[PDB]
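Cβ: placed from backbone, ideal geometry, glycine included. Neighbour counts: every protein chain shown. Quick note: the coordinates plus some simple rules give every number you see, no bench work behind them.
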Amino acid sequence: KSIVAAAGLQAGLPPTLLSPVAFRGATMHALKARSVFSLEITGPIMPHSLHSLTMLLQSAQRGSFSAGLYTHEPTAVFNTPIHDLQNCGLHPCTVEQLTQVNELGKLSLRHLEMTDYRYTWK
Amino acid sequence: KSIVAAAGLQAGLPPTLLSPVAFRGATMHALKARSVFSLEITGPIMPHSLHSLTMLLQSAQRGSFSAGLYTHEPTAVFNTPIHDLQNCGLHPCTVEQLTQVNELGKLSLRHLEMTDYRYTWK
Amino acid sequence: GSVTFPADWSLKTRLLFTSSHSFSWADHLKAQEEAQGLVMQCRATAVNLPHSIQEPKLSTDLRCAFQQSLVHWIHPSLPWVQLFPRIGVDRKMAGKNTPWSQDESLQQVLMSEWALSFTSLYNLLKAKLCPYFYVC
Amino acid sequence: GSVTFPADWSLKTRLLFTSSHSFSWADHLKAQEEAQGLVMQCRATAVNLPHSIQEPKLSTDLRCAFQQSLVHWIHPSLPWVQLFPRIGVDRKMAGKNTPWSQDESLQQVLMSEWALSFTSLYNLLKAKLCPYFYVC
């Protein structure tokens, strides 16, 4: 009885659901991309989208680019460590990356740099 | 400037789009099925749905069932004759059926009967 | 008796199947069956059932194909407004909360989204990635 | 220099890529490329680009993969309301047409649809047909 606010601006509006695959009642959406060299992408960025974008830019930019990530703070603690996915609908490289052990704690990436096909995250 | 009504009950509502495959802005929906023997299915029925339902009921009912179709009248004239679809996302039998020559004119099916794996439409 | 019925391009609104045998197989679908049906529809999987089935209630393929056959896509998602029958339907459209009737910026936003969806649908149709679509 | 960066499970809101070379390949996408990207995303197609590309503007696979990577799914479809950031936003939520705030039957309808979508999403997750999903 406390998921939906009963007083304020967001009064009566049900919670938002995000997913990388379709579900009953889903609505296909797209992220806004705009190039200025620099490239800007805005919207709700999920980890698979970021990994796919890095994979594409690695080949497109010949393994040389820098990225500045703006994070939503109340979701930074999700990195807290906790310890057959072929049909989940993800690239095998993304599945391999996401099946790791959480190293960061209460902290999120703020700057990613790739030089000569080597990653040096900040 | 006449697609959207400017006065009445449907004032400002944009036209509805229906499709058998996903598109930008689509919302996945489902038809209501309820069994009473009899089976009732309600909602916007497109030809591929009807063909798939007949294909399923042929095996399930051992080639013996009868169907009563209620039609939307302002869309009955679409049967007027007019004269590589493997990736369209349809069953090959449905593609074969839909790639025929329109026999009906201004008329729609009102009763379909299948006895001993033979179709006698009314 | 012909093998197949002639193709009908009209839009039905209600179907009633009657048969001597039981239709109870298409009831109480499990969660796994519904999830598999949705995934199969989204991934365009073709299902070929055997010539005859004697135990429909124990056939997962039949129920998954049923759930797959009960799926379509509609652009405007307004759950409290009836949307399929748009011609000659005013009794069911009376007494509803429609903010777009008076506000104009909201109407422009809805129109822009509809235009984008229509353009995307036509582009899908052109590349033979969509058989047909209706505009009501 | 490590091969891969550590996995981040936080939700970013804006990304800015800078590079010496040109990003103009990811602009003026043709209709065919967008349609192919949407279809590829809906059908779970894996794209493996070569080790290096010297003419990105003439590579259809790269642009199709870009359009595929720019697709996600959100349940509530209200085009005139901001929906992703729900915690600590009120300047962007001020002065908007919200009929659900006062009317109660509409709120109940929205709640029922949300419950059905949540149940379907969990059922998809259980059968390993969906990696993860966020509830905000």
Practice task
Please tell me which of these pairs span more than 27 angstrom C-alpha to C-alpha: B:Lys32/C:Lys96; B:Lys122/C:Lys12; B:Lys32/C:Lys57; C:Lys57/D:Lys126; C:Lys128/D:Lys12; C:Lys92/C:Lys126?
Solution key: C:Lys128/D:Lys12; C:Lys92/C:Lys126
Handout entry: Unit charges on C-beta of K, R, D, E only; dipole of the protein assembly as shown, Debye
Key = 480 debye
Exercise for the section: May I ask you to derive the FRET efficiency for C:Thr13 and C:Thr60 from their Cβ-Cβ distance with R0 = 22 Å, giving the value to the nearest 0.05? Expected result: 0.15
Problem - Two-decimal Rg/Rh across region B:1-98, once Rg and the Kirkwood Rh are taken from alpha-carbon atoms - result: 1.02
Practice task
Could you check what % of the DSSP bridge pairs in the protein assembly as shown are antiparallel, to the nearest 5?
Solution key: 95 percent
Handout entry: Cα gyration tensor shape of region D:1-81, rounded if a/c is under 1.5, else prolate or oblate by comparing a/b with b/c
Key = oblate
Practice task
Be a star and scan region B:9-42 for residues whose amide nitrogen sits under 19 Å from the point 7 Å along the Cα-to-Cβ vector of D:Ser105.
Solution key: B:9-11
Completion exercise
A convex hull over the alpha carbons of the protein assembly as shown yields, per residue, a volume in Å³ of 179 Å³
Fill in the blank from the handout: Sorted shortest first, the nm distances from the C:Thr45 label point (7 Å along Cα→Cβ) to its counterparts in the other copies are 2.0
Exercise for the section: Divide by every residue of chain A the summed helix terms, -39500 (n - 2.57) for each DSSP H run of at least 4, and state the resulting mean residue ellipticity at 222 nm, rounded to the nearest 500 deg cm²/dmol. Expected result: -5000 deg cm²/dmol
Practice task
Please give, to one decimal in nm, the separation of the simple spin-label points placed at D:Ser24 and A:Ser35, each 7 Å out from Cα toward the Cβ.
Solution key: 0.8 nm
Practice task
Enumerate by residue number the GluC sites (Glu not before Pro) in region D:28-136 meeting two conditions: DSSP loop (anything except H, G, I, E, B), and at most 11 other Cβ atoms within 10 Å of the site's Cβ.
Solution key: D:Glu104
Handout entry: Chain B, rotation onto A, residue closest to that axis via Cβ, with its distance in Å
Key = B:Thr27, 3
Completion exercise
Copies of A:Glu73 compared via label points 7 Å along Cα→Cβ give distances in nm, shortest first, of 6.4
Fill in the blank from the handout: Of all DSSP beta bridges having both residues in chain A, the percent classed as antiparallel (nearest 5) is 95 percent
Fill in the blank from the handout: Projected onto the charge dipole of the protein assembly as shown (unit charges on the beta-carbon of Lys, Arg, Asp and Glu, signs +1, +1, -1, -1), the Cα from C:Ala26, D:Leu125, B:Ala7 with the largest positive-side position is that of B:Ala7
Handout entry: Those chymotrypsin sites (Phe, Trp or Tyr not before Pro) in region A:93-122 that DSSP places in a loop and that have at most 14 other beta carbons within 10 Å
Key = A:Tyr117
Handout entry: Contour minus Cα-Cα distance for D:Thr119 and D:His51 (0.36 nm per residue)
Key = 20.3 nm
Exercise for the section: Obtain the nm distance between the two label points defined at D:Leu78 and D:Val135 by a simple spin-label model: each point lies 7 Å from its Cα along the Cα-to-C-beta direction. Expected result: 1.9 nm
Practice task
Kindly give the distances from A:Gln100 to its copy-mates, label point to label point, with each label point 7 Å from Cα along Cα→Cβ, as nm values to one decimal ordered shortest first.
Solution key: 5.7
Handout entry: Cβ-Cβ FRET estimate between C:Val3 and A:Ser64, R0 fixed at 51 Å, reported to 0.05
Key = 0.25
Completion exercise
Mean separation of Cα contacts under 8 Å (at least 6 apart) over the residue count of chain D, i.e. the relative contact order in percent, is 19 percent
Problem - Convex hull projection area averaged over all views, region A:53-93, Cα basis, nm² - result: 5.2 nm²
Practice task
Could you check the simple spin-label distance between A:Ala5 and A:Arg110, using points 7 Å along Cα→Cβ, in nm with one decimal?
Solution key: 2.9 nm
Fill in the blank from the handout: Result row for chain D, helices from DSSP H with C-alpha axial extent 30 Å or more and mean Kyte hydropathy at least -0.5, is D:105-126
Problem - Average beta-carbon neighbours from other chains, 10 Å sphere, peptide B:84-92 - result: 5
